[PDB]
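Just so you know, we're using the entry's author numbering here: the first sequence kicks off at 8 and counts up by one. Each residue gets a CB set at the ideal place from its N, CA and C atoms; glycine is no exception. Read the structure below first, then the notes.
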Amino acid sequence: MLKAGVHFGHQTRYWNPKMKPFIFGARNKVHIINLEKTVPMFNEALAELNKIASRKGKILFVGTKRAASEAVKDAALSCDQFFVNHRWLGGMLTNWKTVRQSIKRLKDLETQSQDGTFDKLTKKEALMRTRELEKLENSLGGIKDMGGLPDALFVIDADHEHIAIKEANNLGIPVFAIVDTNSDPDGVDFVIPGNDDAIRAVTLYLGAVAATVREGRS
RNA sequence: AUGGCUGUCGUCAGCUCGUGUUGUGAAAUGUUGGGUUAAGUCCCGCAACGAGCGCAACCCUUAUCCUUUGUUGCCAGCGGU
Ligand SMILES: [Mg+2]
Ligand SMILES: [Mg+2]
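Right, dumping it as structure tokens:
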């Protein structure tokens, strides 16, 4: 709400012409983001997220770029919600019947990796199990407790995970995702202009959204 | 006209299916890409996520040792020839 003004961003020298009504002219061969349309649009998204959080809709925090890959996990897991920080598996939302079998394996291997096998088979075989355990856990993480399809999708990056936005679009899942000056503002339910690939910027949204979801919990 | 049983490509490393996505469609992706192996063998990336038949292992023989038994098999230490 025009507090710090630290998400100018500009994301590149060039632009995306579909982002014309959300920019301010910059002489440094870059493109400003107009905060006047940024603040109210963020407020609308927060209000609708509060609206839908009253039914435990399982909001998803999807930030994959290495800048936000930790802050997203913190702001999602450590408070109430799910997340996807590593590579978005192709079709994990629409090929749900096939993806769920992987989470079943993750749960079984987690059960057998605590009081299970330590010497029953070869130590290198247990190492293979641990290797697969880490590979499956880091890629397929917080969504492990998912009951099925979610209700909302909060996507940190804009262009990085177009397959995530399209996967949500195939269903009737609303999408709240911030959009840079070089991204595509179409197909996203709630346009939020702003910079993404910065530490401060992602933390701003991951704090605001986290507080809103916490207060909408009950 | 067939069953069964064989050779061959070739012991070559390939051949496929389910769901998802792409294309009006035939089809494609998975199975491509950077490395490595004898092998789509393995790892990392990745609109793909998994599974099957293959490869490897599971099997017989050979290279060393330990245990059990000592015949029609053996003769190191003891005595007679
Ligand atoms: Mg093919
Ligand atoms: Mg194989």
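| Check | Outcome |
| --- | --- |
| Determine the direct distance from the alpha carbon of residue 153 to that of residue 56, and round the result to whole angstroms. | 19 Å |
| Kindly indicate which three-state DSSP category residue 163 falls into: helix, strand or coil? | coil |
| Taking all protein chains shown into account, decide if residue 177 is buried (16 or more other Cβ within 10 angstroms of its Cβ) or exposed. | exposed |
| According to DSSP, is residue 32 helix, strand or coil? | strand |
| Kindly give me the distance between the Cβ atoms of residue 113 and residue 143, rounded to whole angstroms, as I take these residues to be in contact under 8 Å. | 5 Å |
| For the stretch 184-192 against the stretch 160-171, do three or more pairs of beta-carbon atoms, one drawn from each stretch, fall closer than 8 Å, so that the two count as touching? | yes |
| In terms of residues, what are the limits of the alpha helix (DSSP H) holding residue 133? | 130-146 |
| Write down every uninterrupted run of the alpha helix (DSSP H) in the stretch 12-99 whose length is 4 residues or greater and which is fully enclosed by it, in chain order. | 45-60 and 78-84 |
| What alpha helix (DSSP H) runs, 4 residues minimum, are completely inside the stretch 162-223? | 169-177 and 206-223 |
| Using the Cα positions of residue 8 and residue 46, report the straight-line distance between them to the nearest angstrom. | 6 Å |
| What do you get for residue 212, buried or exposed, if any count of 16 or more other CB atoms within 10 angstroms of its CB means buried? | buried |
| Tell me, to the nearest whole angstrom, how far the beta carbon of residue 31 is from that of residue 39; I am working on the premise that it is less than 8 Å. | 3 Å |
| Where does residue 203 land, buried or exposed, given buried means 16+ other C-beta within 10 angstroms? | buried |
| What's the gap between the Cα of residue 174 and the Cα of residue 63? | 21 Å |
| Hey, how far is the Cα of residue 208 from the Cα of residue 108? | 36 Å |
| Based on Cα-Cα distance, which residue from 83, 75, 34 and 101 lies nearest to residue 171? | 101 |
| What residues in its chain sit with their C-beta under 8 Å from that of residue 168, if we drop five residues either side in the sequence? | 69, 71, 95 and 162 |
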